[PDB]
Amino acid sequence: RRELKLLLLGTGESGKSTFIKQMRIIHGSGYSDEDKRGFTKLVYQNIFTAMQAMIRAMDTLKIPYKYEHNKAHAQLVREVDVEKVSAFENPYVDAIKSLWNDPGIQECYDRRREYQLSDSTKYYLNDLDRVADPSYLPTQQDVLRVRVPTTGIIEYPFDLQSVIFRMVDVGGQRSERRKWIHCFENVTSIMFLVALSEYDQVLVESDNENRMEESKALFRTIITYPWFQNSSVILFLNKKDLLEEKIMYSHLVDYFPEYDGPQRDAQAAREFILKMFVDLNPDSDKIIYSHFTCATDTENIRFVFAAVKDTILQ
């Protein structure tokens, strides 16, 4: 009956809902074989939606297909209403496998920062045979990977033996933020998520605004709120795994020209990002606790929860 309220805040796509799923795996009722079947259709839909994005991007960016047969496949795939998708069959399976293989589409994917494409694309697209199998059953990892946008404010209680954690998940897009006031009361602690990999991206909500500039502005605002002066603040710099990949091809200095460290170096990059965040409130002497996280990594998230509970909240 001893109870603590913890907010998960952050801009859209930071990984807030993924944290909730991990709580469910580590401290809640987990995911049964039956639960996993409920995610099948979403997996399919994420795949179609991702390929449709790339297909429209091929035009917008003026990238030609390398193989002619792939145009017909793109016509086929573009005509699909993703809402009505419930199975993943040929000719759609082979069209998508075949599209994903075109060096054109691969350029388009490498240039994904210039449009909007969901983070788990590569993970699904490299594994279409597994997913296509007539009797495919999503793994726990497929479930952690799936994209479903959150709207509103939602409370998930979880019983850790000694204490109840009341975790609050929220929508992160601008329009959603006006509602946050509804969870700001009696907050023990805040877990603010930032996507390490969002440095070269722009917001979905708006026209050509940098996603990381947005997280900074938001973090700064939260930290200054006086009703949070006694709430502990934990900054999770999430998606550190995607950072490892992306840093090899997309240079941080091209987005944050103050970065004077080496190129193609994930560690220096993430230290610079961390530093930027910590430097937003020079007049506050309030503590920021941070950790680099990978929200889709259960072991990584298990640790991060034990440490908040064992160290920070006692």
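Numbers follow the displayed sequence, beginning with 1.
Look at the C-alpha B-factors of 63-71 and of 255-263. On average they run higher in 63-71. Look at the mean CA B-factor for 87-95 and for 175-183 in the entry; the higher one is 87-95. The PDB entry assigns the greatest CA B-factor among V202, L193, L128, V168 to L128. If you compare the C-alpha temperature factors of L243, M212, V163, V233 in the entry, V163 comes out highest. In this PDB entry, the Cα temperature factor of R220 sits in the middle third of its chain's modelled residues. Ranked within its chain, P157 lands in the middle third, by CA B factor from the PDB record. Annotation for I312: CA B-factor lies in the highest third of the chain's modelled residues. When the CA B factors of the chain's modelled residues are split into thirds, the value for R145 lands in the lowest one. Among the modelled residues of its chain, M51 has a C-alpha B-factor that falls in the middle third according to the deposited record.
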